[PDB]
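J.: Below you will find the structure I want to go over with you.
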4 protein chains.
Amino acid sequence: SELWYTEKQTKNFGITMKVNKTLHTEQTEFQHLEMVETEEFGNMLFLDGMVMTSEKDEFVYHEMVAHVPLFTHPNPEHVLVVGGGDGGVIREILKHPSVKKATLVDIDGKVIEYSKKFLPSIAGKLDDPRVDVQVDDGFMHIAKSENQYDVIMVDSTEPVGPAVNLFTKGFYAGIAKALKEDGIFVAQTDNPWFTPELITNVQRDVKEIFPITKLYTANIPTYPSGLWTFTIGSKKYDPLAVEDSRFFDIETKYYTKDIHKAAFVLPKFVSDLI
Amino acid sequence: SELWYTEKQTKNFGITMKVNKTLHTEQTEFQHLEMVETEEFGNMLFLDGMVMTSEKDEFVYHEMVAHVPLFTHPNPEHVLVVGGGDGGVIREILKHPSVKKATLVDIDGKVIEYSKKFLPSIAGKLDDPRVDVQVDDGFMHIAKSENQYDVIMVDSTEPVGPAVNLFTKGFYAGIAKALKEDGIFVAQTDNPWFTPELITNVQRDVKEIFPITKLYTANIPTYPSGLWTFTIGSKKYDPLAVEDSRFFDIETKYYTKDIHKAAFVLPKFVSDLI
Amino acid sequence: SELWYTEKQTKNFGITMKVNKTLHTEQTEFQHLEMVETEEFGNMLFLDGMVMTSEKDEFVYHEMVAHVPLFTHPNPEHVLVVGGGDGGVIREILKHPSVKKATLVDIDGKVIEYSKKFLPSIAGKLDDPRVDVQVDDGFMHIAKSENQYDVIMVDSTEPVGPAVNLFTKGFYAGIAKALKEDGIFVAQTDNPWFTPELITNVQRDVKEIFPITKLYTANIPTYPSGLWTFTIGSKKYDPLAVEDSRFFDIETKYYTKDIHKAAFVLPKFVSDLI
Amino acid sequence: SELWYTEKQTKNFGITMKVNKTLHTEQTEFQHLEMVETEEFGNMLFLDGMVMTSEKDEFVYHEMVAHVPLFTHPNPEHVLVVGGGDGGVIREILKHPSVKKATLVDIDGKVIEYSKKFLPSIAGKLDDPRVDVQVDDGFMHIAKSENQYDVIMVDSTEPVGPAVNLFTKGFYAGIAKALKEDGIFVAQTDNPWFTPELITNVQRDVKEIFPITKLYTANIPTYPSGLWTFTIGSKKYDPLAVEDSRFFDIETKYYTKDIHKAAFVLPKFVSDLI
């Protein structure tokens, strides 16, 4: 059996996964959903031909997107996840007792449906009382929020649909508006090997509105280049100033209080981008 | 043109590079040598179907294998590189003034020959007076050395051919014998996602003979999983105790005095292996 | 979406089909069954990683295996299909009014099951009163038959399991035994580009027992090289001597009374094999 | 070594050849030339990512394009090959003593150059005194010819560049003009599985100007579907009326006097196209 799913992460480079069978294939109003069972990583979800998560390595992205900003915040209580259909970031947010309510907003309800069905270990906490799942825009949702959230984790850094975010460089100012006075927001910002421009631009644009703008790193083997990047915009708390007593035992497979600080130590060529 | 070179890094997973043309293809006494021109990474050298280096990302491996142990050592003067045919580690070793002589030992002279020819930016320093290039075993060379080297960077951790290294768990004790009383040695020790057993075993076996045994990390996009691992066996100096004044300006694209320490902060699942 | 199924028809050459989703994947007592939906050919069935049929091109094999021997026979009434799980040859056999009963014998009932389910246009006639489907050996079945069939269409030319066919070069003499005095048998005998030896051997071995041994051709785009070969062993009727009045209107997409004769005109290099 | 060259003969289907090394890669004024050494077929030439010929199967195309029209003609003496850079059709034309002069016109001189160098068994006769090689347009050449040729074998059926062929449906009438009063022309016209429209259109357009318009077939394993098609436009001689005494011993590996007629017996679905 030679059934392989290939992702050309670049016109000239990519990864190829051996597939045992497809679990669900569907063209949505928004994208092409494909849950597949791979031999190497277990069930893997692809959106528009690109890898979203897999059972085997999903923990890196989910833990690093959630825990760095939550522990940076002295006491996160109201959190927003935009575009986290698979529910993985929500699963990690719930490990923080301080969180009163975690809202999840994703335009595609079919991502949530099939993740609950085929990625139970990732989407199994969406049914939790502390979670409020909403199938809606997300960018529209941020546009309509005013100092409601302590931490906001965002999927895409480029709004599509109602770009009511007409603030200068709209999006980031839109997020600042939705965040409380000492809010924090995180956005994945690709890899430094094939799309380094994105890191420079986002880093500069976010800095225009947040006094604290840092960039951290993590290894995701299923993502382009194996090195993923995250931009953290903070209004008041420095992620590198976290008090040791602030941490508490939490079950993770990647994140560590030390990794928390070490993820901000960038390889020379990556610092050069900012 | 759809000419692609695929490396099945696992029976069920791999990377695929678009190739413009092959530069040199030859079956050696030792291995299958293939220099190829890739569109994404420039010239790339493959040995027995596996990626060795490429012009675009070679700097990570070369810098992290060389600089971590050299700066850990208060004053490296006599260094040995076993298996560094492409000459990249030698190129980095020469950036340290303290180095009086750097010996390179590789069984395949054809790797050295074609790297000089197609990877000039990597092999261009092998003609330097401070370098002594020897086309010979390497394991036999270590077996026949007695406290001659300050730092020894090793390619493979498993000796083939004359396994005269009959010391208990031979190899490492063989290396301790070739090293000076305060010597340091480094050996790449694969990735933690597909061959985690190797990290556990090497880490344990090296610890049996060196008082200091640490494991550090680096991102190599062309290597399995994007996260590569390195084992450092030290007889006296701690890589995490390097004095700030010890560092000096050196031209690198990845390595940093901070990366030096941060590379030893392991993701939770990786620490679990040791 | 870059999900492709590749068949290395040779260690150095093959075809690659874009897949939309898998329909059924199962490891049987006998083989690895994989029904898949391809974008180019519709549903396609693979057995042990090799293409069996597809909705788009199945007609060539089914028509040429069935019609050449049936029309060569002045009046076929009792026909046997060994290994025709997908029911395609049976579908074609039923277009001949003279056929009183068509027996289908296949070891894997799961091939019949899933072909009925996903290849209805091919397996839809297996429920016909004139058909007798038996999930059993096939070679054992031929070994236990004595002048019962007018025409026998065989899948593999090499018996596995009880090789009770101990007649000199057993199989063909076993088939002659199962055939009536003026019986005819047909067996696909691969392509002349990558496995030409098989054509020489079979042609010679069949000739040892049947006075008439011819080889005919057909284009199957999903099979190795695009040119497939069929061996016809006849005890009395010459496929090239068919009377014009013998033919009658029959619905086909490939086979023609003229193709009937033209399929036996071999390219120079193919004649050289026999 | 897993270096493979894939040709997506359709967005959803293709063939993949294992490559040992590239021989020559060059971007020409006209196209992307790639001579490559494959393990399965020997040296293979690709133009714009599509297979042109290979040492192993080149004989089919070359023989069937040449010999069918030459033997159909009672006495071919002046022959034109448009776009036969590799020189294979020329090699076959020279097997006919009646041919006084064979003109070859190809826009890309580099195809001729590298075919002579890497495909000697195909291009080795272009240095023959009876051959007149011209690196020039081809369509311009046909536009400027007036009853000069007995047989004209054409590469593409769609003129590019100076479309001075303004005759009704220009091209074919342009060819009739270049042909002598009893001339014959042949043009490959793809396969019936993926581009059947082309066969219908060309067949109809050619019939508009030649009293005799037939379509013949041949198996080329390296071309889409394994079944290639050829359109023959004749002003007077019927390719199916060739006298037996007309043939003479000629060395070929595919073509045969019988194949000559059998190639015109089309599978039912192919007849349906015309």
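Numbers run from 1 along the shown chain.
Every residue, even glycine, has its Cβ placed from backbone N, Cα and C.
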J.: Can you tell which of A:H32, A:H62, A:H67, A:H141 Swiss-Prot lists as binding spermidine with A:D86, A:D155, A:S156, A:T157, A:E158?
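T.: When Swiss-Prot describes the spermidine site, the candidate it includes is A:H62.
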J.: Need one residue: from A:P74, A:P76, A:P120, A:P162, the one Swiss-Prot lists with A:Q31, A:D106, A:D137, A:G138 for S-methyl-5'-thioadenosine.
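T.: Given A:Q31, A:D106, A:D137, A:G138 bind S-methyl-5'-thioadenosine in Swiss-Prot, the matching entry from A:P74, A:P76, A:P120, A:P162 is A:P162.
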J.: What are the sequence-distant neighbours of A:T157 (spermidine binding site), meaning same chain, six or more residues apart, C-beta distance under 8 angstroms?
T.: A:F171, A:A187, A:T189, A:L198, A:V202, A:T231
J.: Which residues in the same chain, at least 6 apart in sequence, have a Cβ under 8 Å from the Cβ of A:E158 (spermidine binding site)?
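T.: Listed in sequence order, they are A:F171.
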J.: Return the residue, from the listed binding-site residues A:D86, A:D106, A:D137, A:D155, with the maximum count of other C-beta atoms within 10 angstroms of its C-beta.
T.: A:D86
J.: By a simple count, how many Cβ atoms lie within 10 Å of the Cβ of A:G138 (S-methyl-5'-thioadenosine binding site), its own Cβ left out?
T.: 24
J.: Do you know which of the binding-site residues A:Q31, A:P162 has the most other C-beta atoms within 10 angstroms of its C-beta?
T.: A:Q31
J.: Quick one: pull the CA-CA distance for A:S156 (spermidine binding site) versus A:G138 (S-methyl-5'-thioadenosine binding site), whole Å only.
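T.: Cα-Cα, rounded: 10 Å.
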J.: Distance check, please: Cα of A:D106 (S-methyl-5'-thioadenosine binding site) against Cα of A:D86 (spermidine binding site), rounded to an integer number of angstrom.
T.: 10
J.: Using the residues the record lists for S-methyl-5'-thioadenosine (A:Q31, A:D106, A:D137, A:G138, A:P162), what whole-number Å value is the largest Cα to Cα distance?
T.: 18
J.: Return the binding-site residues from the list A:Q31, A:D86, A:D137, A:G138, A:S156, A:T157 for which some CB of chain D is under 8 Å from the residue's own CB; sequence order; 'none' if the set is empty.
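T.: Listed binding-site residues passing the 8 Å Cβ cut to D: none.
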J.: What does the structure give for the C-alpha distance between A:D155 (spermidine binding site) and A:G138 (S-methyl-5'-thioadenosine binding site)? Integer Å is fine.
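T.: On Cα coordinates alone, these residues lie 10 Å apart.
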J.: Can you name the residues of this chain that are 6 or more positions from A:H62 (spermidine binding site) yet have a C-beta less than 8 Å from its C-beta?
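T.: Non-local contacts for A:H62 (spermidine binding site): A:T53, A:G88, A:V89, A:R91, A:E92, A:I122.
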